Structures are given as structure tokens and as C-alpha cells.
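J.: Can you keep this structure in mind? I'll have questions shortly.
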Amino acid sequence: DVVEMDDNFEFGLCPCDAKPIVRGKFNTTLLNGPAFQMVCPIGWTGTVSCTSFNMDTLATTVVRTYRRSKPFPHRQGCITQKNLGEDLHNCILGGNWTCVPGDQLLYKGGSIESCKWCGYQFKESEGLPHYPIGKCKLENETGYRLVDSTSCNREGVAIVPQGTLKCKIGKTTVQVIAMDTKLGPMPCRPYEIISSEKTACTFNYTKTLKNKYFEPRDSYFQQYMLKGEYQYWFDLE
Amino acid sequence: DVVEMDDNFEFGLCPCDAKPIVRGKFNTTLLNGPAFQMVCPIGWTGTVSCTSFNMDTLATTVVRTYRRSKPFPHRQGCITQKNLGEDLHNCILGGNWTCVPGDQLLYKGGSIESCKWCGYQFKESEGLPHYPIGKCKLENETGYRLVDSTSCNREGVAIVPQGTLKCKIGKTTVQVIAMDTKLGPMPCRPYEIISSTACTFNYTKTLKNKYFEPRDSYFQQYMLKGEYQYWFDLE
Ligand SMILES: *[C@@H]1O[C@H](CO)[C@@H](O[C@@H]2O[C@H](CO)[C@@H](O)[C@H](O)[C@H]2NC(C)=O)[C@H](O)[C@H]1NC(C)=O
Ligand SMILES: *[C@@H]1O[C@H](CO)[C@@H](O[C@@H]2O[C@H](CO)[C@@H](O)[C@H](O)[C@H]2NC(C)=O)[C@H](O)[C@H]1NC(C)=O
Ligand SMILES: *[C@@H]1O[C@H](CO)[C@@H](O[C@@H]2O[C@H](CO)[C@@H](O)[C@H](O)[C@H]2NC(C)=O)[C@H](O)[C@H]1NC(C)=O
Ligand SMILES: *[C@@H]1O[C@H](CO)[C@@H](O[C@@H]2O[C@H](CO)[C@@H](O)[C@H](O)[C@H]2NC(C)=O)[C@H](O)[C@H]1NC(C)=O
Ligand SMILES: *[C@@H]1O[C@H](CO)[C@@H](O[C@@H]2O[C@H](CO)[C@@H](O)[C@H](O)[C@H]2NC(C)=O)[C@H](O)[C@H]1NC(C)=O
Ligand SMILES: *[C@@H]1O[C@H](CO)[C@@H](O[C@@H]2O[C@H](CO)[C@@H](O)[C@H](O)[C@H]2NC(C)=O)[C@H](O)[C@H]1NC(C)=O
Ligand SMILES: *[C@@H]1O[C@H](CO)[C@@H](O[C@@H]2O[C@H](CO)[C@@H](O)[C@H](O)[C@H]2NC(C)=O)[C@H](O)[C@H]1NC(C)=O
Ligand SMILES: *[C@@H]1O[C@H](CO)[C@@H](O[C@@H]2O[C@H](CO)[C@@H](O)[C@H](O)[C@H]2NC(C)=O)[C@H](O)[C@H]1NC(C)=O
Ligand code: IUM
Ligand code: IUM
Ligand code: IUM
Ligand SMILES: [Ca+2]
Ligand SMILES: [Ca+2]
Ligand SMILES: [Ca+2]
Ligand SMILES: [Ca+2]
């Protein structure tokens with residue numbers, strides 16, 4: 001006449017060519033004939049109800065009601081996280097195949113396969129600020145777990161895929177937009193370094209955002225030798 | 001008895017081959033036994049009293065006194081100014097060779113032939129915070145009169161007779177010492193701008209953080225390394 005879903009229900013079986021029909025909080029059921037399975041109804045509340053449906057009459061008739069007034073606990077064999085693209089979200093409400101996502105997972109684990117920041121990704125930590133940066137993916141799981149959010153407006157100059165020319169940060173190519181004109185460091189190493197008493201006035205140089213300076217200062221005049229879109233390093237004596 | 005000396009009194013003579021005794025204000029007399037001459041006694045006041053002594057009795061008798069009671073005025077060909085070295089100096093008392101030197105003469109107004117400042121000599125305004133400057137001298141005169149007293153220390157670098165490099169003010173070579181390490185301008189153009197497909201530069205020696213005009217054409221800044229200022233050029 002009615003029944004109560006066990007704290008951890010799984011398999012039902014409505015009596016007789018009589019069909020379960022479920023009003024639930026979210027699509028979690030997996031029905032087959034008069035039988036039905038509640039797959040990972042974690043947090044689920046509602047009712048199955050075996051209703052016969054005489055076909056000429058066209059009316060219903062509920063003959064047994066499995067009921068579940070109170071959310072379910074966990075289970076085993078129930079994943080509680082899913083990849084929304086390449087990002088993990090803790091299924092608030094599922095479910096291997098019934099995750100209801102809402103929020104990306106913060107990070108606390110170890111063995112970081114790689115991080116990903118402003119589009120480009122980084123294994124190893126040359127030249128960033130810290131290495132825990134952006135979305136980082138652990139060794140096992142195939143998706144990116146949030147760790148922090150640091151600007152990609154690193155000090156008056158911006159790291160983006162839509163950029164004016166390419167620095168190289170870490171040992172990985174990258175692209176960058178000026179967001180300013182005042183003097184400020186560049187957050188990448190130069191990409192390429194084009195060249196030109198013994199031999200008098202010899203220098204190396206590199207294209208650059210107006211007023212920004214790659215390390216290091218001139219070995220010589222001991223400062224950042226900027227002109228327009230370029231920076232120089234002189235050798236002489 | 002007593003004789004007040006004429007405004008331009010110049011010669012005196014005691015009578016009885018009798019010595020004169022010059023009780024005076026400053027040394028300006030020439031003596032010749034019973035006679036005496038007052039050489040350029042401008043401002044002098046005093047008395048020669050023609051005293052006389054007897055070998056026989058020991059009687060000493062003043063037989064005539066000449067008094068100047070009030071200072072003599074400037075007189076005739078008595079130059080009441082004298083060079084002390086090279087600096088035209090006033091004559092507080094007296095005239096040529098009796099002159100009692102006083103303060104140096106200011107530049108009242110005249111045709112300045114040459115100035116001398118910080119131990120170097122200049123005839124044109126080129127390169128100086130002004131001109132005339134320091135102490136100059138007219139053509140008719142032969143000594144320097146004050147004009148002005150600028151500091152020979154220019155925004156922290158000083159132009160002086162000794163060390164530690166030589167630069168140039170106008171036509172005239174000058175020599176200069178640092179007085180700090182803080183960045184600042186040189187008060188002078190450089191001595192020698194030694195010079196040096198490719199790139200190139202000229203350079204010259206300098207005080208630590210001091211800079212000559214001009215800024216590098218290119219980087220548009222004064223590029224001092226340490227003792228030298230550089231000037232680049234690139235295609
Ligand atoms: C509710 O969950 C199930 C399982 O994914 C979905 O049912 C399947 O969906 C399509 C069309 O409905 C069929 O091709 C499958 O054979 C269905 N299987 C069963 C047992 O019904 C259902 O569509 C889901 N609906 C949602 C999320 O709106
Ligand atoms: C949810 O999915 C996992 C697999 O992704 C299921 O666990 C596996 O179950 C199989 C049998 O199908 C076992 O032999 C494996 O050892 C399990 N594999 C892993 C990786 O855990 C789990 O049973 C599923 N939940 C259900 C069916 O409710
Ligand atoms: C992925 O790997 C992580 C660790 O690299 C595992 O997660 C840890 O699991 C232990 C116990 O199993 C917990 O104490 C920790 O909270 C987890 N975080 C740690 C220790 O980093 C996990 O086994 C793997 N995830 C799976 C199965 O996909
Ligand atoms: C400018 O470029 C040259 C060659 O491109 C640099 O040469 C390197 O520098 C040091 C000493 O000069 C050598 O030990 C390295 O082996 C050289 N490496 C290469 C790849 O040539 C030179 O140092 C550069 N000068 C700078 C940056 O001031
Ligand atoms: C007045 O007459 C002369 C002018 O210089 C001075 O004569 C000197 O006097 C000293 C003693 O005071 C003698 O020892 C020197 O031999 C003299 N030298 C010369 C060059 O004449 C005299 O002192 C003067 N009186 C003063 C300045 O009060
Ligand atoms: C002081 O010296 C000046 C010279 O600078 C004398 O003035 C001249 O003296 C001559 C005779 O020696 C006179 O005929 C003129 O009056 C002057 N001529 C010139 C060209 O200056 C002056 O005699 C001196 N006075 C003294 C010692 O009392
Ligand atoms: C050189 O020239 C100056 C400037 O002219 C002379 O000054 C003159 O002398 C009188 C007083 O002796 C001043 O009151 C006047 O300003 C000047 N007179 C004239 C006509 O210009 C100065 O005496 C001269 N110095 C010399 C001859 O040594
Ligand atoms: C750097 O030195 C060169 C020669 O050593 C100077 O070249 C002269 O300067 C001007 C403009 O550059 C040319 O018109 C002349 O023809 C050049 N003359 C000679 C003899 O070369 C150059 O001016 C110097 N740049 C500086 C000091 O900034
Ligand atoms: O098992 U039948 O409609
Ligand atoms: O992680 U490392 O050069
Ligand atoms: O990329 U290159 O000379
Ligand atoms: Ca070298
Ligand atoms: Ca007379
Ligand atoms: Ca004075
Ligand atoms: Ca020198």
C-alpha cells in the first residue's frame with residue numbers, strides 16, 4: 001500500500017506488468033518493466049509508484065508506492081565528481097551517470113601532473129609566480145582542480161592568447177598584451193635575441209612592449225636599456 | 001711760534017739747523033736734517049715741531065711748530081689707490097707708497113677688459129652663470145676690482161685650480177672637482193670627445209654622476225657608466 005525506501009535502497013520490483021512512475025528531485029532512476037533501480041540517489045527525495053494503466057479506460061491506478069521523504073546518504077560504487085569539459089565538479093546530487101554538478105573542486109592533493117594558466121599550461125615552475133597556479137590536474141584524474149586565481153594582468157602587462165607578441169614564460173611559449181605604458185617588468189623571458197678594445201659597439205636586442213623590461217639589466221650600464229619596442233644589451237671596452 | 005699747514009702744504013724747514021720731530025697719524029714724511037717733506041699725506045693729522053738741542057747746555061727748545069689739525073684732502077698727483085698683488089685696493093690713508101691699503105674696489109662702472117673667476121680668466125659670457133663675474137679689470141686700470149662673488153661650486157661640482165679633470169667654459173680651459181656622488185650637470189662642456197655592418201659611439205671622461213649636454217640622441221638620456229659619458233649611434 002506504501003513502503004519506505006531503506007536508508008540505502010537499490011532494487012525495486014512493482015508487482016505485475018504494472019509500471020513504475022517516479023516523481024523525484026532529479027533523474028536518477030533506471031527502470032525496466034515493473035522493475036526499477038535507484039542508481040546513486042545520493043541526496044534524492046521523492047516517490048516511485050507502481051500504477052496500472054488499463055488502456056481502454058485511459059486512467060491510472062496506483063497500487064504500491066515506494067517513498068523517500070529524506071535524502072539518501074552516500075553509497076559505495078557511486079562517483080561524486082565529474083568532468084565539465086576538463087574541470088571537476090562535485091556532483092551535489094549524483095550518481096555515476098547522475099551527477100548534478102554545481103561547483104568546481106578546490107585542491108588539496110599532491111603529485112600535480114600539470115597546471116594551467118591564462119590558456120597556456122605549465123609542468124614545472126620556471127618563471128611563474130608560484131607553481132600551484134590556476135587550474136591544476138592531479139596525476140590520476142583527467143580534469144582540472146582549482147587551486148588559486150591569480151591575475152593574468154601580471155604587473156601592468158597581460159598574459160593572453162589574443163596578444164601583440166610572444167614572450168616565453170617557463171620553458172613554454174606564450175603571448176602578451178600591454179595594458180599600460182608606464183615602466184614595468186615583463187612577466188616572461190624574451191623569446192628570441194637577435195644580434196648585430198677590439199670590435200667597437202656590439203649589441204644584442206629583442207622586441208618588447210613599450211616601456212617594459214626583460215631581465216637582466218644591461219651587464220654594463222647596469223640598467224634596463226629600453227628605447228621603443230626594443231631592448232638592448234651592449235658589450236664594449 | 002705755530003703754523004697751520006696749508007691744505008696742500010708740502011715742504012717744511014726748521015730754522016737753526018734744528019731737527020724736526022714728526023708726531024703724526026701715519027708714516028708719511030721724509031727728513032733731511034733741519035728740513036722735511038710731506039709726501040702724499042692724505043688724511044694725515046699731526047705736528048712736526050721744529051725742536052732744537054744744545055750740545056753745551058742740555059736745553060731743548062721747540063722754536064717753531066707746524067700743525068696739521070684737520071686731515072689733508074686728496075691732492076694733485078697722489079694716487080689714492082694701489083694694486084695689492086693683482087687686486088685693485090683702496091688707500092685708507094695716504095697716496096703713492098705711503099698708501100695705507102684698505103678694502104678692495106668694487107666695479108663702479110667701466111669697460112671690463114677681462115674677468116677672473118675661480119682662478120681662470122674670461123672675456124666673454126659663453127658658458128658662465130653670468131658675466132661680468134668674480135673680479136674684473138678695466139683697460140685703463142691694471143688690477144682686478146670686485147664685481148660679484150658667486151660660488152665656484154656649481155650644483156655640487158666645483159671649478160677650482162686643482163684637479164681632478166679639465167673641462168671647458170667657453171674658449172677657456174678649466175679644471176674641476178666633484179663635491180658629491182649625486183647625479184647632476186657639469187658646469188662646463190667636455191675637453192676631448194674621443195670617438196670610436198655595424199653600430200658606433202663617441203665618449204669622454206667625467207665626474208662620477210655628472211653629465212654634459214646633450215642627452216644621447218637615441219636613448220634620450222645621459223648615459224654615465226662611471227667616469228665616462230657615452231653617446232651612441234646605430235643605423
Ligand atoms: C533520464 O535518465 C536516462 C538514462 O540516461 C535517460 O533514459 C534514456 O534516454 C534515451 C531517451 O530518453 C534512450 O535512448 C535510452 O534508452 C533511455 N533509457 C531509459 C532506461 O529510459 C533519460 O532520457 C534521462 N532524461 C533526462 C536526463 O532528461
Ligand atoms: C559506477 O561505476 C563504477 C565503474 O566506473 C562501478 O565500479 C566498477 O564495477 C565493476 C563491475 O561493473 C567492477 O568489476 C569494477 O571493479 C568497478 N570499477 C571501478 C573502477 O571502480 C560501479 O559499480 C558503478 N556504480 C553502479 C553500477 O551503481
Ligand atoms: C587520485 O589521487 C589522489 C592522491 O594523489 C587520491 O586521493 C587521496 O585519497 C586519500 C585516501 O585514499 C585521501 O586521504 C586524500 O584526501 C586524497 N588526497 C590526497 C591524499 O592527495 C585518490 O586515490 C585518487 N583519486 C581517484 C581514485 O580518482
Ligand atoms: C649576446 O649574444 C652572444 C651570442 O649570441 C652571447 O654569447 C653567449 O655568452 C657567453 C659569453 O659571451 C658564452 O659563454 C655563451 O656560450 C654564449 N652563448 C651563445 C649561445 O652564444 C652573449 O653573451 C650575449 N651578450 C649579452 C646578453 O650581453
Ligand atoms: C716709520 O718709518 C719707517 C717706514 O717703514 C719704519 O722704519 C723701520 O723701523 C724699524 C723699527 O721700527 C727699523 O728696525 C727698520 O730698519 C725700518 N725699516 C725700514 C724699511 O725703514 C718705521 O718703523 C716707521 N714707523 C712706524 C710704522 O710706526
Ligand atoms: C705719485 O706718482 C705719480 C705717477 O704715477 C706722479 O704723477 C706724475 O708725476 C709727474 C712728475 O714725476 C708729474 O709731472 C705729473 O703730475 C704726473 N704725470 C703722470 C703721467 O702721472 C706723482 O708725481 C707722484 N706723487 C708724489 C710722489 O707725491
Ligand atoms: C680708469 O677709469 C675709471 C672710469 O672712468 C676712472 O674713474 C674716473 O675717475 C673719477 C675720480 O677719480 C671718477 O669719479 C669717474 O667715474 C671717472 N672719470 C671719468 C672721466 O671717466 C679711474 O680713475 C681710472 N683708473 C685709473 C686711471 O687708474
Ligand atoms: C660621433 O662621432 C662622429 C665622428 O667621430 C661625429 O661625426 C660628425 O658629426 C656630424 C653629425 O653626426 C657629421 O655631419 C659630421 O660629418 C661628422 N664629422 C666627422 C669628422 O665624423 C658625430 O657627430 C658624433 N656624435 C656625437 C658626439 O653625438
Ligand atoms: O512484461 U509486459 O506489457
Ligand atoms: O620543477 U623545474 O627547472
Ligand atoms: O626566429 U630568428 O634570427
Ligand atoms: Ca667583450
Ligand atoms: Ca702752501
Ligand atoms: Ca669689500
Ligand atoms: Ca684629466
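So you can find residues: chains in the C-alpha cells are A, B, ... in the order shown, residues in each start at 1, and ligands are numbered from 1 in order.
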At a cut-off of 12 Å and counting only C-alpha atoms and all ligand atoms, what residues surround ligand 5? Please answer as a list in words.
T.: residues 22, 23, 24, 25, 26, 27, 28, 29, 30, 31, 97, 98, 99 and 100 of chain B
J.: Show me, as a short mmCIF file (atom, residue, chain, number, x, y, z; two decimals) with N, CA, C and O atoms, in the first residue's frame, every residue of chain B with an atom at most 8 Å from chain A, counting only C-alpha atoms.
T.:
```cif
data_model
loop_
_atom_site.label_atom_id
_atom_site.label_comp_id
_atom_site.auth_asym_id
_atom_site.auth_seq_id
_atom_site.Cartn_x
_atom_site.Cartn_y
_atom_site.Cartn_z
N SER B 196 85.04 56.45 -31.69
CA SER B 196 85.36 55.05 -31.96
C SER B 196 84.79 54.61 -33.31
O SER B 196 85.38 54.87 -34.36
N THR B 197 77.69 44.77 -41.21
CA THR B 197 77.75 46.18 -40.98
C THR B 197 77.27 46.39 -39.62
O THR B 197 76.48 45.57 -39.15
N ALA B 198 77.60 47.57 -39.08
CA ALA B 198 77.77 47.79 -37.60
C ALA B 198 77.06 49.01 -36.90
O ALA B 198 76.27 49.74 -37.53
N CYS B 199 77.36 49.18 -35.59
CA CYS B 199 76.97 50.34 -34.67
C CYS B 199 78.14 51.15 -34.02
O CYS B 199 79.24 50.62 -33.85
N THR B 200 77.91 52.42 -33.63
CA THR B 200 79.02 53.28 -33.07
C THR B 200 78.68 54.37 -32.09
O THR B 200 77.56 54.88 -32.08
N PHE B 201 79.73 54.82 -31.39
CA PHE B 201 79.65 55.80 -30.30
C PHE B 201 80.91 56.66 -30.08
O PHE B 201 82.03 56.24 -30.40
N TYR B 218 69.73 59.00 -29.09
CA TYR B 218 68.88 57.83 -29.27
C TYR B 218 68.07 57.46 -28.06
O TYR B 218 66.86 57.60 -28.08
N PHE B 219 68.73 56.97 -27.03
CA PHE B 219 68.04 56.52 -25.85
C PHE B 219 67.50 57.71 -25.11
O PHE B 219 66.74 57.56 -24.17
N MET B 223 74.00 58.94 -20.39
CA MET B 223 74.45 57.59 -20.08
C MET B 223 75.85 57.51 -19.51
O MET B 223 76.85 57.34 -20.21
N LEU B 224 75.88 57.60 -18.20
CA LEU B 224 77.11 57.61 -17.47
C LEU B 224 77.29 56.18 -17.04
O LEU B 224 76.32 55.55 -16.65
N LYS B 225 78.50 55.66 -17.17
CA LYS B 225 78.82 54.37 -16.59
C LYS B 225 79.50 54.58 -15.26
O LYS B 225 79.15 53.95 -14.27
#
```
J.: Taking only stretch 2-145 of chain A into account, list the residues labelled strand (DSSP E) by DSSP (computed from the backbone), as a PyMOL selection string.
T.: chain A and resi 3-4+11-13+19-20+29-32+35-38+46-47+50-51+62-64+66-68+82-84+87-89+112-117+120-122+135-138+144-145
J.: For residue A:48, find every residue with an atom within 7 Å (counting only C-alpha atoms), except residues of its own chain fewer than 5 positions away, and show them as a PyMOL selection string.
T.: chain A and resi 20-23+65-67
J.: Using only C-alpha atoms and all ligand atoms, find the one residue out of B:58, B:118, B:138, B:35 that sits nearest to ligand 7.
T.: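 Using only C-alpha atoms and all ligand atoms, ligand 7 sits closest to B:138.
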J.: Residues within 6 Å of ligand 13 (only C-alpha atoms and all ligand atoms), as a ChimeraX atom specification?
T.: /B:6,8-9
J.: Could you list the protein, DNA and RNA residues that have any atom within 8 Å of ligand 2, counting only C-alpha atoms and all ligand atoms, and write them as a count of residues only?
T.: 9
J.: Ligand 8: which residues are within 7 Å, counting only C-alpha atoms and all ligand atoms, as a list in words?
T.: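 So the residues close to ligand 8 are residues 193, 195, 196, 201, 202, 231 and 232 of chain B.
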J.: Which chains and residue numbers are within 6 Å of ligand 4, counting only C-alpha atoms and all ligand atoms, if I want them as a PDB file with N, CA and C atoms, in the first residue's frame?
T.:
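Listed below is the output, out01.pdb:
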```pdb
ATOM      1  N   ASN A 204      73.178  42.987 -28.550  1.00  0.00           N
ATOM      2  CA  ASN A 204      72.101  42.020 -28.764  1.00  0.00           C
ATOM      3  C   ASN A 204      70.856  42.796 -28.403  1.00  0.00           C
ATOM      4  N   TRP A 233      71.311  45.036 -25.014  1.00  0.00           N
ATOM      5  CA  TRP A 233      72.399  44.703 -24.083  1.00  0.00           C
ATOM      6  C   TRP A 233      73.746  44.889 -24.793  1.00  0.00           C
ATOM      7  N   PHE A 234      74.543  45.853 -24.345  1.00  0.00           N
ATOM      8  CA  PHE A 234      75.775  46.217 -25.046  1.00  0.00           C
ATOM      9  C   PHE A 234      77.004  45.508 -24.482  1.00  0.00           C
TER      10      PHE A 234
END
```
J.: Quick one: residues within 8 Å of ligand 15, with only C-alpha atoms and all ligand atoms, as number ranges by chain?
T.: B: 163-166, 205
J.: Produce a file of the selected residues containing N, CA and C atoms, as a compact mmCIF listing (two decimals), in the first residue's frame.
T.:
```
# COMPACT_ATOMS: atom_id res chain seq x y z
N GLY B 163 92.80 69.79 -9.79
CA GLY B 163 92.09 68.52 -10.01
C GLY B 163 90.59 68.63 -10.24
N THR B 164 89.92 67.52 -10.57
CA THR B 164 90.54 66.23 -10.86
C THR B 164 90.35 65.85 -12.33
N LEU B 165 89.62 66.68 -13.07
CA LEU B 165 89.74 66.67 -14.51
C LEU B 165 89.59 68.08 -15.05
N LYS B 166 89.85 68.22 -16.34
CA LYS B 166 89.77 69.51 -17.00
C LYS B 166 88.65 69.48 -18.03
N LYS B 205 85.70 61.54 -20.69
CA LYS B 205 85.83 61.30 -19.25
C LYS B 205 84.95 62.25 -18.43
```
J.: Could you list, as an NGL selection string, all protein and nucleic acid residues with an atom at most 6 Å from ligand 6, counting only C-alpha atoms and all ligand atoms?
T.: :B and (39-40 or 77-79 or 96)
J.: With 12 Å as the cut-off and only C-alpha atoms and all ligand atoms counted, what is the closest atom pair between each nearby residue of chain A and ligand 9? Distances in Å to one decimal, ordered by chain and number, as a tab-separated table.
T.:
```
residue	atom	partner	partner_atom_place_in_ligand_line	distance
A:14	CA	ligand 9	1 (O)	11.5
A:15	CA	ligand 9	1 (O)	10.8
A:16	CA	ligand 9	1 (O)	7.8
A:17	CA	ligand 9	2 (U)	4.8
A:18	CA	ligand 9	3 (O)	8.0
A:19	CA	ligand 9	3 (O)	9.0
A:32	CA	ligand 9	1 (O)	9.3
A:33	CA	ligand 9	1 (O)	6.0
A:34	CA	ligand 9	1 (O)	7.5
A:35	CA	ligand 9	1 (O)	9.9
A:52	CA	ligand 9	3 (O)	10.5
A:53	CA	ligand 9	3 (O)	10.3
A:54	CA	ligand 9	3 (O)	10.9
A:55	CA	ligand 9	3 (O)	10.9
```
J.: Just give me the gap between atom 6 (C, counted along the ligand's line) of ligand 3 and atom CA of residue A:108 in Å, one decimal is fine.
T.: 10.0 Å
J.: I'd like the interatomic distance between atom CA of residue B:167 and atom CA of residue B:132, to a tenth of an Å.
T.: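 Result for atom CA of residue B:167 versus atom CA of residue B:132: 20.5 Å, one decimal.
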J.: Taking only C-alpha atoms and all ligand atoms and a cut-off of 8 Å, can you tell me which residues surround ligand 3, written as a PDB file with N, CA, C and O atoms, in the first residue's frame?
T.:
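So selection-v7.pdb came out as:
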```
ATOM      1  N   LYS A 108      43.692  20.150  -2.808  1.00  0.00           N
ATOM      2  CA  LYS A 108      44.479  19.852  -1.610  1.00  0.00           C
ATOM      3  C   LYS A 108      45.448  18.669  -1.769  1.00  0.00           C
ATOM      4  O   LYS A 108      46.266  18.426  -0.880  1.00  0.00           O
ATOM      5  N   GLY A 109      45.362  17.943  -2.883  1.00  0.00           N
ATOM      6  CA  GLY A 109      46.153  16.728  -3.086  1.00  0.00           C
ATOM      7  C   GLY A 109      47.614  16.984  -3.404  1.00  0.00           C
ATOM      8  O   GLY A 109      48.149  18.053  -3.113  1.00  0.00           O
ATOM      9  N   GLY A 110      48.254  15.987  -4.006  1.00  0.00           N
ATOM     10  CA  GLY A 110      49.677  16.035  -4.324  1.00  0.00           C
ATOM     11  C   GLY A 110      49.911  15.558  -5.741  1.00  0.00           C
ATOM     12  O   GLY A 110      48.961  15.417  -6.509  1.00  0.00           O
ATOM     13  N   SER A 111      51.181  15.316  -6.074  1.00  0.00           N
ATOM     14  CA  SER A 111      51.601  14.874  -7.416  1.00  0.00           C
ATOM     15  C   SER A 111      50.817  15.537  -8.555  1.00  0.00           C
ATOM     16  O   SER A 111      50.011  14.886  -9.222  1.00  0.00           O
ATOM     17  N   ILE A 112      51.068  16.821  -8.782  1.00  0.00           N
ATOM     18  CA  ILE A 112      50.315  17.580  -9.779  1.00  0.00           C
ATOM     19  C   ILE A 112      50.892  17.289 -11.151  1.00  0.00           C
ATOM     20  O   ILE A 112      52.041  17.624 -11.441  1.00  0.00           O
ATOM     21  N   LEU A 138      45.623  16.624 -11.243  1.00  0.00           N
ATOM     22  CA  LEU A 138      46.420  15.659 -10.486  1.00  0.00           C
ATOM     23  C   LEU A 138      46.916  14.548 -11.414  1.00  0.00           C
ATOM     24  O   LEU A 138      46.622  14.557 -12.610  1.00  0.00           O
ATOM     25  N   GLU A 139      47.693  13.607 -10.889  1.00  0.00           N
ATOM     26  CA  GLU A 139      48.315  12.608 -11.761  1.00  0.00           C
ATOM     27  C   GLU A 139      47.260  11.652 -12.303  1.00  0.00           C
ATOM     28  O   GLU A 139      47.250  11.354 -13.497  1.00  0.00           O
ATOM     29  N   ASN A 140      46.365  11.205 -11.424  1.00  0.00           N
ATOM     30  CA  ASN A 140      45.341  10.223 -11.791  1.00  0.00           C
ATOM     31  C   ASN A 140      44.181  10.810 -12.606  1.00  0.00           C
ATOM     32  O   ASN A 140      43.934  10.392 -13.740  1.00  0.00           O
ATOM     33  N   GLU A 141      43.491  11.790 -12.035  1.00  0.00           N
ATOM     34  CA  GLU A 141      42.259  12.301 -12.634  1.00  0.00           C
ATOM     35  C   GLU A 141      42.504  13.171 -13.860  1.00  0.00           C
ATOM     36  O   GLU A 141      43.474  13.918 -13.925  1.00  0.00           O
TER      37      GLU A 141
END
```
